[PDB]
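Only one chain is included here, represented as structure tokens and corresponding to the form deposited in one PDB entry.
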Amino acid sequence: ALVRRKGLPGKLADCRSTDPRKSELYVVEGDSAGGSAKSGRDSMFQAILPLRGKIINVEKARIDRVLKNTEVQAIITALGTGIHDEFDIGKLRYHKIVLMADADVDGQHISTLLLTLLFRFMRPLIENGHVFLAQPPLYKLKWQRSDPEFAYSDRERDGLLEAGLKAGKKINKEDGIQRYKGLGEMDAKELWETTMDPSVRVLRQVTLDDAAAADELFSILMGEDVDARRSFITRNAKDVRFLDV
């Protein structure tokens, strides 16, 4: 068990449960989303750490400069674990680290920067499956009489729309289907019922299979060598759609 704040980051909205095994840390993109998350969370088991701006690339940046970064310090301090050789998983204050970013490309980018921080400084967190990715909603179907439905893809949107119409439900063509362009646009209720309610949230657990292969990929994509990254993108972007086919 570990004490919760009521010596940690000022931005951290800690949970109430003193058991790390039961605790969760939502690492959130933006002050707005973090604000809404802090309200819609279950304050018993869920803590919120809002991150502001693009995270520093630990692959490119010098070590000392990374340690001066306020956002990195917030993560390292909140997780309770050390870094590199001074890493001690025993001091992990949350056994669930959920990264929650916008569905847009900049959210994807922030994910890669966080995953790079985690893989380089705190790898065991990934290896032991403590790192997760929350999948935010993209659409909210607002039926005239029925309860509203959330969709996490264009396909699901079309499906839920089709099903509802077939079921005799109706939507306004004005209000209609609200499209989310980021977590910052959501209120507390919406975030709870789509990303934080454990009975409905869509989390993805980050697994690490080939460490050596991962090491190389991280260095290529995140490293200082532009040429390697340039050729990699031109080589593999053409086939990004077919990774899971």
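Quick note: we count residues from 1 along the sequence shown, nothing fancier. The term rigid core refers to the maximal set of C-alpha atoms that superpose within 1.5 Å between the two forms.
*Asks:* Select one of none, 1 to 3, 4 to 9, or 10 or more to describe the deposited residues without coordinates separating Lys6 and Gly7.
*Replies:* According to the record, 4 to 9 deposited residues lack coordinates from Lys6 to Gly7.
*Asks:* Taking only the CA atoms, which stretch has the higher mean B-factor in the record, 15-23 or 223-231?
*Replies:* Per the PDB entry, the higher value belongs to 15-23.
*Asks:* Going by the mean C-alpha B-factor recorded in the entry, which is higher: 97-105 or 143-151?
*Replies:* Looking at the record's C-alpha B-factors, the answer is 143-151.
*Asks:* Identify, among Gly53, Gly182, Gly35, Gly176, the residue whose C-alpha carries the highest B-factor in the deposited PDB entry.
*Replies:* So the option with the highest C-alpha B-factor is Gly176.
*Asks:* Ordered by C-alpha B-factor within the chain, which third holds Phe132? Give me lowest, middle or highest, please.
*Replies:* For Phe132, whose C-alpha B-factor we compare with every modelled residue in the chain, the answer is the lowest third.
*Asks:* In terms of the chain's CA B-factor thirds, is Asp209 lowest, middle or highest?
*Replies:* Top third by C-alpha B-factor.
*Asks:* Rank-wise, by C-alpha B-factor, drop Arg201 into the lowest, middle or highest third of its chain.
*Replies:* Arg201: CA B-factor falls in the middle third of its chain.
*Asks:* Would you mind ranking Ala61 by its C-alpha B-factor against the rest of the chain and naming the third, lowest, middle or highest?
*Replies:* For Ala61, the deposited C-alpha B-factor lands in the middle third.
*Asks:* Among the chain's modelled residues, which third holds the C-alpha B-factor of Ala188?
*Replies:* Its C-alpha B-factor belongs to the lowest third of this chain's values.
Quick note: we don't show the form deposited in another entry, though the next part is all about it.
*Asks:* Core aligned, does the CA of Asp197 move at least 2 Å between this form and the one not shown?
*Replies:* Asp197 C-alpha, core-superposed: shift of less than 2 Å.
*Asks:* Could you check, with the core superposed, whether the Cα atom of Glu156 shifts 2 Å or more between this form and the one not shown?
*Replies:* No, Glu156 moves less than 2 Å.
*Asks:* Does the C-alpha of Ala103 move 2 Å or more between this form and the one not shown once the rigid core is lined up?
*Replies:* Yes, the C-alpha position differs by at least 2 Å between this form and the one not shown.
*Asks:* Work out whether the Cα atoms of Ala211 and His130 come closer together or move farther apart in the other entry than they are in this form, the change being 3 angstroms or more.
*Replies:* Closer: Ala211 and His130 approach by 3 Å or more in the other entry.
*Asks:* I want to verify one pair: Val105 and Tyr152. Are their C-alpha atoms nearer or more distant in the other entry compared with the form I supplied, knowing the change is 3 Å or more?
*Replies:* Here the pair is closer than in the other entry; there, farther apart.
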